[PDB]
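This report concerns only the one structure given below.
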Amino acid sequence: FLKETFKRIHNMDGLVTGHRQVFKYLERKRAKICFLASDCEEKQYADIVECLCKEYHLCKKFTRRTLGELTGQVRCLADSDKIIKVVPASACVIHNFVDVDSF
RNA sequence: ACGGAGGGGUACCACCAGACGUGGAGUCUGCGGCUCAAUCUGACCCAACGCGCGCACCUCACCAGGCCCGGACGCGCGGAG
């Protein structure tokens, strides 16, 4: 599951993408958790995240495209259908947060 | 319609009887010309010329130079590595 609330989040946002955003959201930000891209371009790219997280709230899952799905980071035509390639993301972080059903 | 045709009428944007003026000097203002990078334009008998309701900026159109897109909305492509 996990595919509807993000959308409810996104209308008020809370998810973020790109390396600069996450780190600035990793430090000095209310990082609840984030579903990573799962060691894509580089593990060390994300080992910077895991090391800091375990040194300083999240987990991992293999579903990057979905990360671009719940994220409004794909061109969605008015018909509510897929158009462009679901833009892979990785920064994952969640802020406002406003899951429990999963745990 | 016109008549250096005829007959009736009329009005100080016609005259008689008079008055006050203008055109003469300096100046305010608008108008053609000359000039300039530009001296933004319209209107030319009555029926254009202190008229288009006060130009240091704006007004502002013209002259010499510089920021901005404030390119709505649909199709293809790319885009958060």
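In the structure tokens, chains take the letters A, B, ... in the order shown, each chain's residues start at 1, and ligands count up from 1 in the order shown.
Using only C-alpha atoms (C1' of nucleotides), the chain A residues found within 7 Å of chain B amount to residues 17, 18, 41 and 89 of chain A.
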Next item on the list: Just the helix (DSSP H, G or I) stuff from chain A, please, per backbone DSSP, written as a PyMOL selection string.
Entry: chain A and resi 5-12+19-26+43-55+64-70
Store the residues of this selection in a file with N, CA, C and O atoms, as a short mmCIF file (atom, residue, chain, number, x, y, z; two decimals), in the first residue's frame.
data_model
loop_
_atom_site.label_atom_id
_atom_site.label_comp_id
_atom_site.auth_asym_id
_atom_site.auth_seq_id
_atom_site.Cartn_x
_atom_site.Cartn_y
_atom_site.Cartn_z
N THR A 5 -1.69 8.81 1.11
CA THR A 5 -1.44 9.90 2.05
C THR A 5 -0.38 10.85 1.51
O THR A 5 -0.56 12.07 1.57
N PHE A 6 0.73 10.32 0.99
CA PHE A 6 1.72 11.16 0.33
C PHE A 6 1.04 12.20 -0.55
O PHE A 6 1.38 13.38 -0.53
N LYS A 7 0.05 11.75 -1.33
CA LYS A 7 -0.68 12.66 -2.20
C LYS A 7 -1.37 13.72 -1.36
O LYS A 7 -1.32 14.92 -1.69
N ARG A 8 -2.00 13.30 -0.27
CA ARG A 8 -2.59 14.26 0.66
C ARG A 8 -1.51 15.14 1.27
O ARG A 8 -1.73 16.34 1.51
N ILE A 9 -0.33 14.58 1.54
CA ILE A 9 0.79 15.39 1.98
C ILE A 9 1.18 16.37 0.88
O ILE A 9 1.41 17.56 1.13
N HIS A 10 1.25 15.89 -0.37
CA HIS A 10 1.84 16.70 -1.43
C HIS A 10 1.04 17.96 -1.69
O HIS A 10 1.61 19.03 -1.93
N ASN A 11 -0.29 17.87 -1.62
CA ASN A 11 -1.10 19.07 -1.78
C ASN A 11 -0.68 20.13 -0.77
O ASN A 11 -0.73 21.33 -1.06
N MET A 12 -0.27 19.70 0.42
CA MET A 12 0.38 20.56 1.39
C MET A 12 1.89 20.31 1.44
O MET A 12 2.59 20.95 2.23
N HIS A 19 19.88 16.07 -3.78
CA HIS A 19 20.82 15.83 -2.69
C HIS A 19 20.90 17.03 -1.76
O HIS A 19 20.91 16.87 -0.53
N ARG A 20 20.94 18.24 -2.32
CA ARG A 20 21.09 19.42 -1.47
C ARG A 20 19.92 19.54 -0.51
O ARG A 20 20.10 19.86 0.67
N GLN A 21 18.71 19.26 -0.99
CA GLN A 21 17.53 19.44 -0.15
C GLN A 21 17.54 18.50 1.04
O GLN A 21 17.27 18.91 2.17
N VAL A 22 17.84 17.22 0.81
CA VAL A 22 17.75 16.24 1.89
C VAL A 22 18.72 16.59 3.00
O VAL A 22 18.35 16.64 4.18
N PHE A 23 19.98 16.83 2.65
CA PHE A 23 20.98 17.10 3.68
C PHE A 23 20.59 18.31 4.51
O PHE A 23 20.58 18.26 5.74
N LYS A 24 20.23 19.41 3.84
CA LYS A 24 19.67 20.55 4.55
C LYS A 24 18.40 20.17 5.29
O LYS A 24 18.01 20.86 6.24
N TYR A 25 17.73 19.11 4.86
CA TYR A 25 16.61 18.55 5.62
C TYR A 25 17.05 17.46 6.58
O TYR A 25 16.32 17.17 7.54
N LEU A 26 18.21 16.86 6.34
CA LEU A 26 18.76 15.92 7.30
C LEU A 26 19.20 16.64 8.56
O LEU A 26 18.82 16.28 9.68
N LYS A 43 26.09 3.84 -3.66
CA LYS A 43 25.78 3.55 -2.26
C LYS A 43 26.35 4.62 -1.35
O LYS A 43 25.69 5.09 -0.41
N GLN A 44 27.60 5.03 -1.61
CA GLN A 44 28.19 6.09 -0.81
C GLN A 44 27.40 7.38 -0.93
O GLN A 44 27.28 8.12 0.05
N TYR A 45 26.83 7.66 -2.11
CA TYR A 45 25.87 8.75 -2.22
C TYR A 45 24.83 8.65 -1.12
O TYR A 45 24.45 9.66 -0.51
N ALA A 46 24.34 7.45 -0.86
CA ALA A 46 23.38 7.22 0.20
C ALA A 46 24.03 6.75 1.49
O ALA A 46 23.38 6.79 2.54
N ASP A 47 25.28 6.28 1.44
CA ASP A 47 25.96 5.96 2.68
C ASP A 47 26.22 7.23 3.48
O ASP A 47 26.35 7.19 4.70
N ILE A 48 26.30 8.37 2.78
CA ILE A 48 26.32 9.65 3.46
C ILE A 48 25.03 9.87 4.24
O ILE A 48 25.03 10.56 5.27
N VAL A 49 23.93 9.29 3.78
CA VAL A 49 22.65 9.45 4.47
C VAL A 49 22.53 8.43 5.60
O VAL A 49 22.20 8.78 6.74
N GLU A 50 22.82 7.16 5.30
CA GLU A 50 22.69 6.13 6.32
C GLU A 50 23.64 6.40 7.48
O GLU A 50 23.26 6.27 8.65
N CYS A 51 24.87 6.81 7.17
CA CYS A 51 25.85 7.04 8.23
C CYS A 51 25.39 8.16 9.13
O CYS A 51 25.50 8.07 10.36
N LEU A 52 24.86 9.23 8.54
CA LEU A 52 24.42 10.36 9.34
C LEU A 52 23.14 10.04 10.08
O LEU A 52 22.95 10.45 11.23
N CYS A 53 22.24 9.29 9.44
CA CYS A 53 21.02 8.87 10.12
C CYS A 53 21.33 8.01 11.33
O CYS A 53 20.87 8.29 12.44
N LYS A 54 22.14 6.97 11.14
CA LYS A 54 22.51 6.13 12.28
C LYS A 54 23.39 6.89 13.26
O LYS A 54 23.35 6.62 14.46
N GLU A 55 24.18 7.84 12.77
CA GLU A 55 24.92 8.76 13.63
C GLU A 55 24.05 9.90 14.14
O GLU A 55 24.48 10.64 15.02
N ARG A 64 11.96 3.26 -6.29
CA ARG A 64 12.28 4.64 -6.63
C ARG A 64 11.20 5.27 -7.49
O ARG A 64 10.80 6.41 -7.27
N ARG A 65 10.72 4.53 -8.49
CA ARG A 65 9.73 5.08 -9.40
C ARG A 65 8.46 5.45 -8.65
O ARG A 65 7.90 6.54 -8.85
N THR A 66 8.01 4.57 -7.76
CA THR A 66 6.92 4.92 -6.86
C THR A 66 7.24 6.18 -6.07
O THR A 66 6.37 7.03 -5.85
N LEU A 67 8.49 6.31 -5.64
CA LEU A 67 8.91 7.53 -4.97
C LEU A 67 8.63 8.74 -5.84
O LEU A 67 8.31 9.83 -5.34
N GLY A 68 8.74 8.58 -7.16
CA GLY A 68 8.32 9.58 -8.10
C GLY A 68 6.84 9.58 -8.40
O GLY A 68 6.34 10.50 -9.05
N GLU A 69 6.11 8.57 -7.92
CA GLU A 69 4.67 8.50 -8.15
C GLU A 69 3.92 9.28 -7.08
O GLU A 69 3.24 10.27 -7.39
N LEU A 70 4.02 8.85 -5.82
CA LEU A 70 3.41 9.61 -4.75
C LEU A 70 3.91 11.04 -4.77
O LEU A 70 3.15 11.99 -4.58
#
Checklist line | DSSP strand (DSSP E or B) residues within chain A, listed as a ChimeraX atom specification | finding: /A:15,35,59,76,82,94
Let me see the file: selected residues, C-alpha atoms, as an mmCIF file, in the first residue's frame.
data_model
loop_
_atom_site.group_PDB
_atom_site.id
_atom_site.type_symbol
_atom_site.label_atom_id
_atom_site.label_comp_id
_atom_site.auth_asym_id
_atom_site.auth_seq_id
_atom_site.Cartn_x
_atom_site.Cartn_y
_atom_site.Cartn_z
ATOM 1 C CA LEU A 15 8.454 15.429 0.620
ATOM 2 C CA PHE A 35 12.104 5.960 1.896
ATOM 3 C CA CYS A 59 14.755 2.933 6.627
ATOM 4 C CA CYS A 76 0.290 14.103 -14.949
ATOM 5 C CA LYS A 82 0.758 8.632 -16.841
ATOM 6 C CA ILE A 94 9.356 13.969 5.067
#
Note to self: Just want the 10 Å neighbourhood of residue 50 (chain B), counted on only C-alpha atoms (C1' of nucleotides), with same-chain residues fewer than 3 positions away dropped. Output as a VMD selection string.
What the structure shows: chain B and resid 28 to 30
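For the set A:96, A:80, A:73, A:63, the residue with the smallest atom-to-atom gap to residue 33 (chain A) is A:96, counting only C-alpha atoms.
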I'd like the contact shell of residue 32 (chain A) - 8 Å cut-off, only C-alpha atoms (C1' of nucleotides), skipping same-chain residues fewer than 2 positions apart - returned as a compact mmCIF listing (two decimals) with N, CA and C atoms, in the first residue's frame.
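selection.txt, freshly written:
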# COMPACT_ATOMS: atom_id res chain seq x y z
N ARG A 30 13.29 18.77 10.66
CA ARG A 30 12.53 17.73 11.34
C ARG A 30 12.35 16.51 10.43
N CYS A 34 12.58 8.70 5.77
CA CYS A 34 12.44 8.81 4.35
C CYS A 34 12.70 7.45 3.72
N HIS A 57 16.36 7.30 12.14
CA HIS A 57 14.99 7.79 11.98
C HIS A 57 14.33 7.28 10.71
N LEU A 58 15.12 6.69 9.80
CA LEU A 58 14.56 6.20 8.55
C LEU A 58 14.91 4.75 8.26
N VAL A 93 13.03 12.74 2.03
CA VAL A 93 12.69 13.21 3.38
C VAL A 93 11.22 13.61 3.49
N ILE A 94 10.71 13.56 4.72
CA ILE A 94 9.36 13.97 5.07
C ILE A 94 9.47 14.98 6.20
N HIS A 95 8.70 16.06 6.11
CA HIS A 95 8.77 17.15 7.08
C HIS A 95 7.45 17.31 7.83
N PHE A 97 4.64 16.00 7.56
CA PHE A 97 4.23 14.64 7.91
C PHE A 97 2.70 14.54 7.94
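Of note, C1' of residue 2 (chain B) and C1' of residue 15 (chain B) are spaced 26.2 Å apart.
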